[PDB]
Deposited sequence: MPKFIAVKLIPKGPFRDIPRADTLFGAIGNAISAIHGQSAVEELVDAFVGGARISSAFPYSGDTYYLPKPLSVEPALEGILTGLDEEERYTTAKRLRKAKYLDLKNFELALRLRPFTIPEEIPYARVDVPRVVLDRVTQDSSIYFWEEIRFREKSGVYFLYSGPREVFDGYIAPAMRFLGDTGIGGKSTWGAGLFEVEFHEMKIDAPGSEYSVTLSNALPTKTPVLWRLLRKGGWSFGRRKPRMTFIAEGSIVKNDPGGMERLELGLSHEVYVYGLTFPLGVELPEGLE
């Protein structure tokens, strides 16, 4: 399917590569400050309706990176010393380039990014930041109607820009039609999932790259009113029989 890539060109270093809950959290706040809580309600409605945002991933030049699906982890056998050592370096990789992501979804042979376009420098005094390589940065995917993008997501991202600036292009991922899907977002699962990594925040989240079978995730409203985004951003994934 084809998607809107929201490219964040950074004006300095970042603290987090933000994931879907904090991205929605930020966009939710912006829309409150621009259009009041009537607009927040219309945004939750669009999202509960079928609209989705991904978590933020690195980009370098005209190379989009995506999360390694956990589907390949048990299928890496699909030399003796060539096998073990690569199979670990793949198992540790957290990102694939779009081209190799689309291959990993179909359980065909793929390869790893040799350089990832960011490094976690943690200066002592202690707390840390994220240094971006040249013409590199972070982006996230929007799926759903254009009228919701133009009237909520776009204004909100520009408002949040005022540490970065914002530009967006059409982006296409080819994904197998399948019973099974990867989430490009961290989700609060409704059904119990297939393959996953837990992620503690206090909410228990499914990580990006986790595999679900027809799980849309869900939103959670609470009082401290604030909405917590945990909807799945599914792409169909070919699974190995195990």
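Missing from the model, by position in the deposited sequence, are residues 1, 80-84, 132-144, 182-193, 233-242, 266-269, 288-289.
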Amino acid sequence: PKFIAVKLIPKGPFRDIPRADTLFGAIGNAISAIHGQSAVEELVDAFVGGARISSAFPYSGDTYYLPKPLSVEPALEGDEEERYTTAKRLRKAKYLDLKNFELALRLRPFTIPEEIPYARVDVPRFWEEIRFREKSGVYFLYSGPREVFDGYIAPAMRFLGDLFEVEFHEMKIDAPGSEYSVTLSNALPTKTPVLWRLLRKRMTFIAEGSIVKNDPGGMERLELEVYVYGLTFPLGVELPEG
From here on, numbers count along this sequence of modelled residues.
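Rigid core here is just the name for the largest C-alpha set that superposes within 1.5 Å across the two forms.
With every structure aligned by its rigid core, 126-134 is the stretch of 104-112 and 126-134 whose CA positions lie farther away in 6 other deposited structures of this protein.
Stretches 112-120 and 134-142 differ in mean C-alpha B factor, with the higher average recorded for 112-120.
Per the PDB record, of the two stretches 86-94 and 100-108, 86-94 carries the greater mean B-factor over its C-alpha atoms. Remark: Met219 belongs to the middle third of its chain, ranked by C-alpha B-factor as recorded. The PDB entry assigns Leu70 a C-alpha temperature factor belonging to the lowest third of its chain's modelled residues. When the CA B factors of the chain's modelled residues are split into thirds, the value for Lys213 lands in the middle one. Among the modelled residues of its chain, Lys191 has a C-alpha B-factor that falls in the middle third according to the deposited record. In the deposited entry, the Cα temperature factor of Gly28 sits in the middle third of values across the chain's modelled residues.
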